[PDB]
2 protein chains.
Amino acid sequence: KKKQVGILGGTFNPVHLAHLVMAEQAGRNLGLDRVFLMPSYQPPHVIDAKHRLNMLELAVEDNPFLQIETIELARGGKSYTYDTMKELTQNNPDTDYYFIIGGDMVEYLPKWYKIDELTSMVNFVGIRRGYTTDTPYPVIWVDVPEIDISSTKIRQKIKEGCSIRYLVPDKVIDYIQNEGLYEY
Amino acid sequence: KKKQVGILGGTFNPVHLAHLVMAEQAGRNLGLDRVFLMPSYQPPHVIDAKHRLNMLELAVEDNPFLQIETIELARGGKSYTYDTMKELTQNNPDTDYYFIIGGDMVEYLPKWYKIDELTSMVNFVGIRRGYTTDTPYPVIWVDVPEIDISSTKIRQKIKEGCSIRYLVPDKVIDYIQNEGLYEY
Ligand SMILES: O=P([O-])(O)O
Ligand SMILES: O=P([O-])(O)O
């Protein structure tokens, strides 16, 4: 009757193999029906929203099990996760949402806006690591091999002309190089 | 005049994304001319040597920079690394070999057969991690994002019907499934 859907949030600037492993392992190990990669809005701070989404589409293109949730992108401003999750549950009242975060983030949970309303609204899912676990917050946990790739390391490897093969999907690399992204 | 060639050793049972990232990052970050993946001989202990090599070929197929060193496979018995490295340097007296090992292995270096003859014979390359580094052994170090994938975890995920997507290359997964490997 009700669907089980994971949500993985991030800047995805760019998407890299750590996002895919995290999203596929979390969702498949728990038995979820799908995982959505949910890019956050980033203000002109002076790439583009289209390039991040293009890259994210190329990345999950051959995988019916991973998909793109664009609601935060479409809002044209910063969002609190409560407001995002309030509208998505209102849109999909038949969905149990599983909101996936890394073991290294469960500490800052009390610093989330309306974190209390939010935990009643979604199922929080932690990625085990070394932190122990043992959180007073209603988190369930799942094992993911840890992949120490972040999108800020990818951009400066690119900025410095270092290899990113295997760290970032072949198509995504290809899009980056053929669009001049992150060069400077 | 002389070539710089990395060597990465392992069972590769099966090859998985941790091998590729390790071999590409080590070799490219140091500026080496190539890295060789060097599968060790495994005795009938009662898969096959052909399946491990087939998988390894499929894995580096689209990458001129990573290649397969089969000398240990062809010997039909266990080898000490000194004997391997003695014959390969005799074969290729124009090559400076860089023998890549993980930061987590540098401890057991004194337990290698003729480790002394061997350090004079190759350049040892460690993958930084958390161990500090600081080894009395003549190791140079290079940074690789850590990828906590091992081939024994892959086989039991397979044995237990768990997802290995993104952990193991698409072609390799495909070979495994279409050859009945690691099922039981
Ligand atoms: O895109 P990030 O926030 O997961 O690095
Ligand atoms: O193949 P392994 O020895 O690197 O796990």
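Residues numbered from 1 in each chain as written, not as in the entry; some residues may be left out. Chains lettered and ligands numbered in written order. Heavy atoms only, no water.

This deposited entry lists X-ray crystallography as its structure determination method and 1.9000 Å as its resolution.

Q: Quick rundown of the sheet that holds strand β3 (residues 66-68) of chain B? Include the residues and the values.
A: Residues and elements named next belong to chain B. Sheet architecture is open: 6 strands sit in the order β3-β2-β1-β4-β5-β6, paired in parallel fashion. Every interior strand has two partners, whereas the edge strands, β3 and β6 (139-142), have only one. With strand direction ignored, the average angle separating the axes of adjacent strands in the sheet is 35°. Judged from the 3 bridges that link them, strand β2 (residues 34-39) and β3 form a sheet pairing that is parallel. (Pairing = 2+ DSSP bridges. Helix = DSSP H or I, 4+ residues; strand = E, 2+ residues; numbered from the N terminus. Axes fitted to C-alpha atoms, helices over the stretch in contact; angles between N-to-C directions.)

Q: Describe the interface of chain A and chain B, and please don't skip the residues or the numbers.
A: Contacts between the two partners involve 21 residues from chain A and, on the opposite side, 21 residues from chain B. At the junction of chain A with chain B, the criterion picks out 2 salt bridges. Residue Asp62(A) is joined to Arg165(B) by a salt bridge in which the shortest nitrogen-to-oxygen separation is 3.5 Å. At the surface where chain A touches chain B, the tally comes to 10 residue pairs in polar contact. Among the elements that line the side of chain A that touches chain B, the one with the most residues is helix α1 (residues 17-30) of chain A, at 7 residues. (Contact = heavy atoms within 4.5 Å. Salt bridge = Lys/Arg side-chain N within 4 Å of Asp/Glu carboxyl O. Polar contact = N/O pair within 3.5 Å; in protein donor to acceptor, adjacent residues only side chain to side chain.)

Q: Explain the site of ligand 1 residue by residue, including any values.
A: All names here are of chain A. The environment of ligand 1 is formed by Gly10, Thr11, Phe12, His19 and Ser151. Within the contact set of ligand 1, an oxygen atom lies 2.8 Å away from a backbone nitrogen or oxygen of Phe12. Taking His19, its side chain carries an N or O atom lying 3.0 Å from an oxygen atom of ligand 1. Here ligand 1 has 200 Å² of accessible area as a free molecule, and 68% of this is covered by the chains. (Near = heavy atom within 4 Å. Areas by Shrake-Rupley, 256 points an atom, 1.4 Å probe, with all protein chains shown as cover.)

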